[PDB]
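Some notes on the structure that comes next.
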Amino acid sequence: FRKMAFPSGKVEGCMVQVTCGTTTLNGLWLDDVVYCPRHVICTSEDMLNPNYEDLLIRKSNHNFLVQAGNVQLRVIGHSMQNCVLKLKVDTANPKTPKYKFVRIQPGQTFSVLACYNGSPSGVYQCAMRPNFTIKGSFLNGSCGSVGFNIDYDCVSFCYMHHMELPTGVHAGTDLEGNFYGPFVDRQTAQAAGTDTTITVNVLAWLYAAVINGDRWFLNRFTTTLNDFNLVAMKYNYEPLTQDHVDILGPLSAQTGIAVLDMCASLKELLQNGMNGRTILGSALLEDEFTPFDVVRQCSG
Amino acid sequence: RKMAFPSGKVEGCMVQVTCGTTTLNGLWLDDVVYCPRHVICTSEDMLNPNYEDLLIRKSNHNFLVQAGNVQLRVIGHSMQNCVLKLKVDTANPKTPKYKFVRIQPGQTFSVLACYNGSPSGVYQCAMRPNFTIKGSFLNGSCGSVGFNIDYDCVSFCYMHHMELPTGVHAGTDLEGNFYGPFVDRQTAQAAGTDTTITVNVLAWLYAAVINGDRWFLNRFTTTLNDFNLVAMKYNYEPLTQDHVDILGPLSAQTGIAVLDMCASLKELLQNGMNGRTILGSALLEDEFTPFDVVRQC
Ligand SMILES: *[C@@H](O)[C@H](C[C@@H]1CCNC1=O)NC(=O)[C@H](CC(C)C)NC(=O)OC[C@@H]1C[C@H]2C=CC[C@H](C2)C1
Ligand SMILES: *[C@@H](O)[C@H](C[C@@H]1CCNC1=O)NC(=O)[C@H](CC(C)C)NC(=O)OC[C@@H]1C[C@H]2C=CC[C@H](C2)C1
Ligand SMILES: [Cl-]
């Protein structure tokens, strides 16, 4: 299995740069609106303790430099929605794809198009951790880079990048500007909660192992969902939700292994360890492949 | 993090190519479509295909090329080694600036995996020392290409042709010459003994340091030759002075002499990771080049 990103072209066609003063970051140009992090209006000194509403009242449309490459897009309106700026421009992006704004759940994966000065640098797959951080590769000027999934023809944007935490991980918002997790866009010390293992993805990985004929860990027991959740939490694994049980439905049907039987198999791996064996060539259980990612790669 | 080049410039070049009951992908640059020649085979032909003889018996109209909902008319066809070149009457407006390159083992590239001429995913691969690649390719992925982007220029280096019994993959450059001792015939083929790309393991240990992780370092040092003796023992490629040079900037940046990192890698090989992990992995990663790590740092 590989970490496999979505093709990025449909998103590349939407990246622009947004500058205020000498503060430059990236924006997302969809139809006649550009979306970007609101701290573009901050001087580096204002980031320490910004009053965004006051900062914004001092701004006019003509204080915003929006460029696709080096071609300026005239700003004709601006508003602030949570932690994102919406800049109305006078040109509809002819490369706008079919798109959606979605708020993802911890455990879900997405591709990130890392951009600098409105130019794509690279694409990679990230998982949203249960503590609402992502382990990204973001440098200065990467803010406004977005994360997304592609379903059929439709780009679902789920992430816009805003900041790095002391520990090196990254935090950001959905495309309505609501942070994932207990973070704020202020240049202050913030800590993410202790992280946990993404149980639904580990289960997906076990199903993947079975599909490929590696199935020594299947046992003859089952569990209730509640009993499993209480045990898993003792090993710093996330509890399963009803939605998690549902999204494993296709892999369960493909293999004929009921979700709760697989949970019972995982519980035994947690309680007794691997006893020296490997699964898919690894002694570690992988938690950054969703049930969709497994399907994607095993038949796409 | 394992980071691929943005794939947009390549997506605008992928088409579907069909001959008979066989469909795979082609690469449309200017007025030419490049694709694997085994698209002209049938099940029978699979096993010992005499390609020049199968090709002379095809007409331009035996090739159905589709770019989206639009059929492109084939006005001419020739074969260069294991790739078919289909001339079409329409030029691709989305053709990027591009070059064809043949890469060295240990170099990396991005793959755009396609099916029916439509992009499915993008990921980073390295040309293994035994000239396989550890890809994610299914039925219908042939004609998918690998590439690097420098400036606005796409350097195509790989076109996909086959899977081996071990699950790894083989293919050609865009001149149609295989990497490695493989042949486009439907048979089970083994590769040479794979070895680990040592300069890339070292680049990736420097990456772990640059990200605050240094549990594997040590006070020891080694000579180049003494390190290479140990490397070879564990089926690692030897490290050349040019590799050492190439590693300079990462050495300077971290203040860790190349040969000190070699001494760290030696310790890891002889003792193992003893449970610990590096940049998230229980195994030494060898598919980041020094340039890869640098660009991302
Ligand atoms: C995009 O503008 C930029 C991207 C950062 C820079 C390097 N890596 C990233 O992900 N975002 C910022 O600079 C943030 C702006 C504020 C208004 C949210 N600030 C930020 O991420 O600070 C990084 C800190 C600096 C310092 C203080 C506390 C924790 C660490 C040390 C990291
Ligand atoms: C593209 O047409 C296709 C891509 C393959 C299929 C599955 N994964 C891939 O990467 N290429 C082919 O099918 C090859 C065509 C020949 C003419 C070169 N053949 C091929 O890849 O065969 C796979 C071998 C043989 C077969 C039988 C035993 C072991 C495996 C299945 C490996
Ligand atoms: Cl003809």
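We name chains A, B, ... following the order of the structure tokens; residues begin at 1 in each chain, and ligands are numbered from 1 as shown.
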Q.
Using only C-alpha atoms and a cut-off of 8 Å, which residues of chain A sit close to chain B? Please list them as an NGL selection string.
A. :A and (1-10 or 12 or 113 or 120-124 or 135-137 or 139 or 168 or 282 or 284 or 297 or 299-300)
Q: Enumerate residues in contact with ligand 2: an atom-to-atom distance of at most 10 Å, counting only C-alpha atoms and all ligand atoms. Format the result as a PyMOL selection string.
A: chain B and resi 22-25+36-43+45-49+82+115+135-144+160-171+182-190
(Q) Give me, as number ranges by chain, all polymer residues having an atom no more than 9 Å from segment 59-64 of chain A, counting only C-alpha atoms and skipping those fewer than 5 positions away in the same chain. (A) A: 18-21, 41, 74-78, 87-88
How close does chain B get to ligand 3? List, as CSV, each residue of chain B within 7 Å, its nearest atom pair and the distance in Å to one decimal, counting only C-alpha atoms and all ligand atoms.
residue,atom,partner,partner_atom_place_in_ligand_line,distance
B:59,CA,ligand 3,1 (Cl),4.7
B:60,CA,ligand 3,1 (Cl),4.1
B:61,CA,ligand 3,1 (Cl),4.7
(Q) So that I can check the secondary structure, give me every residue of segment 234-277 of chain B assigned alpha helix (DSSP H) by backbone DSSP, as a list in words. (A)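 Written out, the alpha helix (DSSP H) residues of segment 234-277 of chain B are residues 241, 242, 243, 244, 245, 246, 248, 249, 250, 251, 252, 253, 254, 258, 259, 260, 261, 262, 263, 264, 265, 266, 267, 268, 269, 270 and 271 of chain B.
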Q) Could you work out how far atom CA of residue 127 of chain B lies from atom CA of residue 221 of chain B, giving the answer in Å with one decimal? A)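 Going from atom CA of residue 221 of chain B over to atom CA of residue 127 of chain B covers 29.8 Å.
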Q: Please check which protein, DNA or RNA residues sit within 6 Å of ligand 1, counting only C-alpha atoms and all ligand atoms, and write them as a ChimeraX atom specification.
A: /A:39,47,138-143,162-166,170,185-189
Please save N, CA, C and O atoms of the selected residues as a short mmCIF file (atom, residue, chain, number, x, y, z; two decimals), in the first residue's frame.
data_model
loop_
_atom_site.label_atom_id
_atom_site.label_comp_id
_atom_site.auth_asym_id
_atom_site.auth_seq_id
_atom_site.Cartn_x
_atom_site.Cartn_y
_atom_site.Cartn_z
N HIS A 39 -5.73 36.08 8.60
CA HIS A 39 -4.55 36.75 9.12
C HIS A 39 -3.68 37.36 8.03
O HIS A 39 -2.62 37.94 8.34
N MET A 47 0.03 39.70 14.60
CA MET A 47 -0.29 38.29 14.80
C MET A 47 -0.18 37.90 16.27
O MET A 47 -0.86 36.97 16.73
N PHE A 138 4.57 21.95 5.78
CA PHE A 138 4.21 23.34 5.54
C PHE A 138 5.35 24.24 5.98
O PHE A 138 5.81 24.14 7.12
N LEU A 139 5.77 25.13 5.10
CA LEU A 139 6.77 26.14 5.40
C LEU A 139 6.11 27.52 5.45
O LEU A 139 4.91 27.67 5.26
N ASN A 140 6.92 28.54 5.72
CA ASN A 140 6.40 29.90 5.69
C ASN A 140 5.77 30.18 4.34
O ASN A 140 6.30 29.76 3.30
N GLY A 141 4.66 30.92 4.36
CA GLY A 141 3.95 31.24 3.14
C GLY A 141 3.05 30.15 2.61
O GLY A 141 2.46 30.33 1.53
N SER A 142 2.93 29.01 3.31
CA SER A 142 2.05 27.92 2.90
C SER A 142 0.60 28.14 3.30
O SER A 142 -0.27 27.38 2.86
N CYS A 143 0.30 29.13 4.15
CA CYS A 143 -1.07 29.33 4.58
C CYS A 143 -1.99 29.56 3.38
O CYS A 143 -1.61 30.15 2.36
N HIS A 162 -3.62 27.17 8.30
CA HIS A 162 -3.36 28.41 9.04
C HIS A 162 -2.12 28.41 9.93
O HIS A 162 -1.53 29.48 10.13
N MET A 163 -1.72 27.30 10.54
CA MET A 163 -0.67 27.49 11.53
C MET A 163 0.07 26.21 11.88
O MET A 163 -0.38 25.09 11.59
N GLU A 164 1.23 26.40 12.48
CA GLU A 164 2.03 25.32 13.05
C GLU A 164 2.01 25.41 14.57
O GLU A 164 2.01 26.50 15.14
N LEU A 165 1.95 24.25 15.22
CA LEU A 165 1.98 24.20 16.68
C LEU A 165 3.40 23.96 17.17
O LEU A 165 4.28 23.55 16.41
N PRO A 166 3.66 24.24 18.46
CA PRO A 166 5.01 24.02 18.99
C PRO A 166 5.60 22.67 18.63
O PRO A 166 6.80 22.58 18.33
N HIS A 170 0.27 20.61 12.47
CA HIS A 170 -0.35 21.73 11.78
C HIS A 170 -1.84 21.76 12.08
O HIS A 170 -2.44 20.75 12.45
N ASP A 185 -6.40 31.46 15.57
CA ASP A 185 -5.38 32.07 14.72
C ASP A 185 -4.75 33.28 15.41
O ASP A 185 -4.96 34.44 15.03
N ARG A 186 -3.95 32.98 16.43
CA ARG A 186 -3.12 33.95 17.14
C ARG A 186 -1.74 33.35 17.32
O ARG A 186 -1.61 32.14 17.51
N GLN A 187 -0.72 34.18 17.18
CA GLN A 187 0.66 33.71 17.22
C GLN A 187 1.06 33.52 18.69
O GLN A 187 1.87 34.25 19.26
N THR A 188 0.43 32.52 19.30
CA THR A 188 0.62 32.20 20.70
C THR A 188 0.88 30.71 20.84
O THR A 188 0.64 29.91 19.92
N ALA A 189 1.36 30.34 22.03
CA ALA A 189 1.59 28.94 22.36
C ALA A 189 0.24 28.25 22.55
O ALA A 189 -0.57 28.67 23.38
#
(Q) Neighbouring residues of residue 106 of chain A were defined as those with any atom within 6 Å, considering only C-alpha atoms; residues of the same chain fewer than 4 positions away were excluded. Please report them as a ChimeraX atom specification. (A) /A:128-130
Q | Filtered DSSP result for segment 10-189 of chain A, state strand (DSSP E), as a ChimeraX atom specification | A | /A:15-20,23-30,33-37,65-68,71-73,75-81,84-89,98-101,109-116,119-127,146-151,154-164,170-173
Restricting the output to C-alpha atoms, write the selected residues as a short mmCIF file (atom, residue, chain, number, x, y, z; two decimals), in the first residue's frame.
data_model
loop_
_atom_site.label_atom_id
_atom_site.label_comp_id
_atom_site.auth_asym_id
_atom_site.auth_seq_id
_atom_site.Cartn_x
_atom_site.Cartn_y
_atom_site.Cartn_z
CA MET A 15 -4.87 28.65 -6.50
CA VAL A 16 -4.02 32.34 -6.33
CA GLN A 17 -1.95 34.55 -4.08
CA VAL A 18 -3.34 37.20 -1.75
CA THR A 19 -1.19 40.01 -0.35
CA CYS A 20 -1.88 42.70 2.23
CA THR A 23 1.94 39.64 4.10
CA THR A 24 1.38 37.13 1.28
CA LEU A 25 -0.37 33.80 1.42
CA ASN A 26 -2.44 31.63 -0.87
CA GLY A 27 -6.12 31.81 -1.73
CA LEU A 28 -8.70 29.61 -3.40
CA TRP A 29 -10.52 31.14 -6.38
CA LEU A 30 -13.94 29.58 -7.03
CA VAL A 33 -14.86 34.60 -4.81
CA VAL A 34 -11.37 34.15 -3.37
CA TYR A 35 -11.15 32.41 0.01
CA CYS A 36 -8.08 32.86 2.23
CA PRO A 37 -6.99 32.96 5.88
CA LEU A 65 -3.71 42.33 -4.02
CA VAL A 66 -5.03 39.10 -5.54
CA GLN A 67 -2.93 37.55 -8.31
CA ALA A 68 -3.28 34.47 -10.46
CA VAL A 71 -2.10 38.75 -13.26
CA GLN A 72 -4.07 40.93 -10.86
CA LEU A 73 -7.71 40.12 -10.10
CA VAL A 75 -11.29 42.87 -5.63
CA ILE A 76 -14.81 44.32 -5.55
CA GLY A 77 -15.98 43.18 -2.11
CA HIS A 78 -14.77 41.64 1.10
CA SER A 79 -16.23 39.96 4.14
CA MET A 80 -14.98 37.87 7.06
CA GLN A 81 -16.56 34.51 7.92
CA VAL A 84 -11.49 33.09 6.55
CA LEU A 85 -11.68 36.12 4.31
CA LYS A 86 -14.03 36.08 1.31
CA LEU A 87 -12.91 38.43 -1.44
CA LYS A 88 -15.36 39.06 -4.25
CA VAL A 89 -13.45 39.56 -7.52
CA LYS A 98 -17.72 21.15 -9.58
CA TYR A 99 -17.15 21.61 -5.86
CA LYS A 100 -18.45 21.28 -2.29
CA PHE A 101 -17.31 22.63 1.09
CA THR A 109 -7.81 11.52 5.01
CA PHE A 110 -7.41 14.14 2.30
CA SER A 111 -4.87 15.39 -0.17
CA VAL A 112 -3.06 18.64 0.48
CA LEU A 113 -1.77 20.82 -2.33
CA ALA A 114 1.13 22.68 -0.73
CA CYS A 115 1.42 26.12 -2.35
CA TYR A 116 3.71 29.12 -2.06
CA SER A 119 2.18 28.29 -7.02
CA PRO A 120 1.74 24.56 -6.34
CA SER A 121 4.79 22.89 -4.84
CA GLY A 122 3.64 19.34 -4.11
CA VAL A 123 0.70 17.13 -3.22
CA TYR A 124 0.48 14.60 -0.40
CA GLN A 125 -1.98 12.64 1.67
CA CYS A 126 -2.74 13.68 5.25
CA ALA A 127 -4.94 12.21 7.93
CA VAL A 146 -6.12 23.53 0.91
CA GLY A 147 -6.94 19.90 1.53
CA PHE A 148 -9.54 18.12 -0.53
CA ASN A 149 -11.12 14.88 -1.69
CA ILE A 150 -12.45 14.19 -5.20
CA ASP A 151 -15.66 12.15 -5.57
CA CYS A 154 -16.64 16.95 -7.61
CA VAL A 155 -13.89 18.47 -5.46
CA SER A 156 -14.87 18.50 -1.78
CA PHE A 157 -12.69 21.07 -0.07
CA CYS A 158 -12.23 20.23 3.64
CA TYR A 159 -9.14 22.05 4.93
CA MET A 160 -7.42 25.40 4.69
CA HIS A 161 -4.04 25.78 6.34
CA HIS A 162 -3.36 28.41 9.04
CA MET A 163 -0.67 27.49 11.53
CA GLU A 164 2.03 25.32 13.05
CA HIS A 170 -0.35 21.73 11.78
CA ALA A 171 -3.79 23.19 12.33
CA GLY A 172 -6.35 24.90 10.18
CA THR A 173 -9.99 25.40 9.31
#
Q. Got a sec: who's within 12 Å of residue 234 of chain A, counting only C-alpha atoms, leaving out chain neighbours fewer than 6 positions off, as a list in words?
A.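 Non-adjacent residues within range: residues 196, 197, 227, 228, 267, 270 and 271 of chain A.
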(Q) I'd like the interatomic distance between atom CA of residue 255 of chain A and atom CA of residue 208 of chain A, to a tenth of an Å. (A)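 These two atoms are separated by 9.2 Å.
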Q: Might you pull out every residue within 12 Å of residue 254 of chain A, with only C-alpha atoms counted and same-chain residues fewer than 2 positions away left off, and present them as a PyMOL selection string?
A: chain A and resi 204+207-208+210-212+248-252+256-259+291+294-295+298-299
How would the residues just chosen look if you wrote them out with N, CA, C and O atoms as an mmCIF file, in the first residue's frame?
data_model
loop_
_atom_site.group_PDB
_atom_site.id
_atom_site.type_symbol
_atom_site.label_atom_id
_atom_site.label_comp_id
_atom_site.auth_asym_id
_atom_site.auth_seq_id
_atom_site.Cartn_x
_atom_site.Cartn_y
_atom_site.Cartn_z
ATOM 1 N N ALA A 204 -9.763 -0.923 8.948
ATOM 2 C CA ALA A 204 -9.684 -0.959 7.490
ATOM 3 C C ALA A 204 -8.424 -1.667 7.034
ATOM 4 O O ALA A 204 -8.448 -2.440 6.065
ATOM 5 N N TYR A 207 -8.812 -5.363 7.401
ATOM 6 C CA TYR A 207 -9.586 -5.874 6.276
ATOM 7 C C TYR A 207 -8.720 -5.963 5.036
ATOM 8 O O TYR A 207 -8.814 -6.934 4.277
ATOM 9 N N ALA A 208 -7.913 -4.919 4.776
ATOM 10 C CA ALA A 208 -6.987 -4.938 3.654
ATOM 11 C C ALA A 208 -6.070 -6.155 3.734
ATOM 12 O O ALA A 208 -5.807 -6.821 2.726
ATOM 13 N N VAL A 210 -6.698 -8.982 5.118
ATOM 14 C CA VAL A 210 -7.463 -10.184 4.794
ATOM 15 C C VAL A 210 -7.672 -10.312 3.295
ATOM 16 O O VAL A 210 -7.596 -11.425 2.720
ATOM 17 N N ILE A 211 -8.002 -9.193 2.639
ATOM 18 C CA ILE A 211 -8.243 -9.227 1.196
ATOM 19 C C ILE A 211 -7.028 -9.782 0.468
ATOM 20 O O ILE A 211 -7.160 -10.483 -0.545
ATOM 21 N N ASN A 212 -5.829 -9.501 0.979
ATOM 22 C CA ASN A 212 -4.576 -9.964 0.407
ATOM 23 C C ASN A 212 -4.104 -11.289 0.990
ATOM 24 O O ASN A 212 -2.951 -11.672 0.772
ATOM 25 N N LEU A 248 -17.176 0.921 7.313
ATOM 26 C CA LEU A 248 -16.538 -0.376 7.158
ATOM 27 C C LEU A 248 -17.447 -1.369 6.450
ATOM 28 O O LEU A 248 -17.020 -2.484 6.156
ATOM 29 N N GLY A 249 -18.687 -0.988 6.150
ATOM 30 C CA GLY A 249 -19.661 -1.920 5.641
ATOM 31 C C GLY A 249 -19.181 -2.598 4.368
ATOM 32 O O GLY A 249 -19.264 -3.827 4.227
ATOM 33 N N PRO A 250 -18.653 -1.820 3.421
ATOM 34 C CA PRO A 250 -18.204 -2.451 2.167
ATOM 35 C C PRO A 250 -17.073 -3.454 2.345
ATOM 36 O O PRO A 250 -17.104 -4.515 1.691
ATOM 37 N N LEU A 251 -16.065 -3.148 3.176
ATOM 38 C CA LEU A 251 -14.977 -4.098 3.403
ATOM 39 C C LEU A 251 -15.474 -5.330 4.134
ATOM 40 O O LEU A 251 -14.994 -6.442 3.881
ATOM 41 N N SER A 252 -16.411 -5.152 5.073
ATOM 42 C CA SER A 252 -17.015 -6.296 5.757
ATOM 43 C C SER A 252 -17.746 -7.192 4.766
ATOM 44 O O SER A 252 -17.629 -8.428 4.812
ATOM 45 N N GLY A 256 -16.684 -10.869 4.094
ATOM 46 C CA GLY A 256 -17.547 -11.712 4.894
ATOM 47 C C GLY A 256 -17.246 -11.699 6.375
ATOM 48 O O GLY A 256 -17.742 -12.557 7.097
ATOM 49 N N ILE A 257 -16.439 -10.760 6.847
ATOM 50 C CA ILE A 257 -16.106 -10.645 8.261
ATOM 51 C C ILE A 257 -16.897 -9.488 8.848
ATOM 52 O O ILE A 257 -16.683 -8.329 8.479
ATOM 53 N N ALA A 258 -17.805 -9.807 9.779
ATOM 54 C CA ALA A 258 -18.601 -8.791 10.448
ATOM 55 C C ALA A 258 -17.700 -7.802 11.176
ATOM 56 O O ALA A 258 -16.656 -8.166 11.718
ATOM 57 N N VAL A 259 -18.133 -6.540 11.193
ATOM 58 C CA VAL A 259 -17.331 -5.495 11.801
ATOM 59 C C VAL A 259 -16.990 -5.859 13.241
ATOM 60 O O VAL A 259 -15.846 -5.705 13.682
ATOM 61 N N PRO A 291 -11.224 3.383 5.207
ATOM 62 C CA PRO A 291 -11.869 2.314 4.436
ATOM 63 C C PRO A 291 -11.991 2.679 2.965
ATOM 64 O O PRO A 291 -11.849 1.802 2.106
ATOM 65 N N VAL A 294 -8.503 2.178 1.284
ATOM 66 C CA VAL A 294 -8.254 0.762 1.014
ATOM 67 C C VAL A 294 -8.970 0.339 -0.259
ATOM 68 O O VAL A 294 -8.381 -0.280 -1.152
ATOM 69 N N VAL A 295 -10.251 0.688 -0.368
ATOM 70 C CA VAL A 295 -11.018 0.354 -1.567
ATOM 71 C C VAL A 295 -10.396 1.008 -2.799
ATOM 72 O O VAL A 295 -10.095 0.331 -3.787
ATOM 73 N N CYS A 298 -7.320 -0.974 -3.755
ATOM 74 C CA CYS A 298 -7.509 -2.379 -4.069
ATOM 75 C C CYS A 298 -8.397 -2.583 -5.292
ATOM 76 O O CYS A 298 -8.454 -3.706 -5.809
ATOM 77 N N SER A 299 -9.060 -1.523 -5.771
ATOM 78 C CA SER A 299 -9.882 -1.565 -6.979
ATOM 79 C C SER A 299 -10.373 -0.166 -7.348
ATOM 80 O O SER A 299 -11.409 0.283 -6.839
#
Q.
So that I can see what lies close to residue 216 of chain B, please list as a PyMOL selection string the residues with an atom at most 9 Å from it, counting only C-alpha atoms and leaving out residues fewer than 6 positions away in the same chain.
A. chain B and resi 205+264-265+267-268+273+278
(Q) As an exercise, work out the distance from atom CA of residue 198 of chain B to atom CA of residue 236 of chain B in Å and give it to one decimal place. (A)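 Separation between atom CA of residue 198 of chain B and atom CA of residue 236 of chain B: 5.8 Å.
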